[PDB]
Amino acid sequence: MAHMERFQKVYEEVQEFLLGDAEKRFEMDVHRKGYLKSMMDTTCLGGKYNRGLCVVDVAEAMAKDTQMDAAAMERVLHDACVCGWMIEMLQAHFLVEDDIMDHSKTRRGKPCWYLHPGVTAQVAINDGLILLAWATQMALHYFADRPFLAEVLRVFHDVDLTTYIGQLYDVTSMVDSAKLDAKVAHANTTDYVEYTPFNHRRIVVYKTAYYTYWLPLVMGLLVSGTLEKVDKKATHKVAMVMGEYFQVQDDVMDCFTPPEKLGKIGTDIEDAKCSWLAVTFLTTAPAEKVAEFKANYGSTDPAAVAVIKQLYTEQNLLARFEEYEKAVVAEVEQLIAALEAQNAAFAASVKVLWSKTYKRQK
C-alpha cells in the first residue's frame, strides 16, 4: 500500500520523540525506556493499520484535490501520518485494556500484553494508559503551530469517550439492565430478552464505528484543511454503516474464522456476548433451537461452545450474513454516489476504505 513505507518511517520518528521526551521530562532510566520501547512495539504494531493508513489516504486525496504545492503536500502527508499514529496508539490502548477486561489469550498472533509474564494485568492497565496519553502527546508536539490542533483534540477526545460508552454497553449486555446496580452482584441472563437488534446496533456503533471509520476520515479532512468541502451528515452516516458492518464481520469471525488466521481467540460464546450471531439466531430460530441455545450459551465447556456453533451453522447464519452484506453494499454505494456528486476526491477515499473492509478475511 502506497503510504506504508512513509507511515512506518513516521512510527520510528514518533517513537524516538516520545521516549526521548520521557528522558527529558521524567528522568526516565535506560531500563524503563527499553521496557516502554518493547511495550509500544508489541501493542502498536502487527495490526492491519486500516485506521492509520486511512488518515493518510484521505489527506493525500484532498491535498491533490486542492492542488497543494510540493512543500505543503509533504507537510500534509507527515501530519496525516502522525494523526494515523494517534489512532493506532488509541487502538493499542483499547486492545490492551479490552484484552484485560475479556481475559483473552492472544492478540495479533502473540500473547496479550498483560499475559507477558514480565507484565501482569496490574502493570498492563497502566501501560494501556501511557499509550492513550502518548496519542495526545503526538498532537501537542507535532501540531503545536497548526490551527487544526484544537479540532484534532476535540474529535479525538469525543471519540475516546464514545468508545468507552460503547464498551459500557458491551460489558453490561449479558445482565438484565433493570438489575444493573453497583451494590448487588449481577447474574448473567437466562432469558436473553435484551438480545435485540437495537441493543446490538447500539453496542457496535459506539464501541467500533466512531474510532474505526468516523475518526480516520475526519482527521484526514482536518490535517488537509478540507473538512468544510464535504457533507458532514453524509460522511457521518457512511462511517456508521461501514463501522456497524465491520463489527458484524468481527462478530461472525469470532465463531467461524480459525484463531490462527484471525490472530486472536474470541470467547464471545463462553462470555454470553450480545454478538450479531446471538441476536440474529435468537430473533430467527425456531423455539426448540432457541431453548437449546439458552441451555448451552455462556459456558466455558468446549462441548457447549460446539453446540452453539452447530446451532449457528444449522440456522444458516453465514448465508444470513451474506444477505446483510448485500444490503450494506447497496447502502454504502448509494451514500458514496451522493458524496461523489459533491466532492469526487473525498468519495474516492471512502471507496478505498470500503474496499479494504468489504469481504475482508481478518
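Throughout, we count residues from 1 along the sequence that is shown.
Student: Which is higher on mean Cα B factor in this entry, 140-148 or 283-291?
Tutor: In the deposited entry, the stretch with the higher C-alpha B-factor mean is 283-291.
Student: Look over 47-55 and 66-74 in the entry and identify the one with the greater average Cα temperature factor.
Tutor: It is 66-74 that shows the higher mean C-alpha B-factor.
Student: By the CA temperature factor listed in this entry, which of these ranks top: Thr189, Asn126, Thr163, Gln249?
Tutor: Each of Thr189, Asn126, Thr163, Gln249 was compared by C-alpha B-factor; the highest is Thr189.
Student: Which is it among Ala185, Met240, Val218, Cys83: the one with the largest CA B-factor in the entry?
Tutor: Max CA B-factor in the entry, restricted to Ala185, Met240, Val218, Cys83: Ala185.
Student: Based on the deposited C-alpha B factors for this chain, I'd like to know if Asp268 is in the lowest, middle or highest third.
Tutor: It belongs to the middle third of the chain when residues are ordered by C-alpha B-factor.
Student: Relative to the other modelled residues in the chain, which third contains the C-alpha temperature factor of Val305: lowest, middle or highest?
Tutor: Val305: CA B-factor falls in the middle third of its chain.
Student: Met39: which third of its chain by C-alpha temperature factor?
Tutor: It belongs to the lowest third of the chain when residues are ordered by C-alpha B-factor.
Student: Which third, lowest, middle or highest, does the CA B-factor of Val159 fall in along this chain?
Tutor: Lowest third of the chain for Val159's C-alpha B-factor.
Student: If you rank the chain by CA B-factor, which third does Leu18 end up in: lowest, middle or highest?
Tutor: It belongs to the lowest third of the chain when residues are ordered by C-alpha B-factor.
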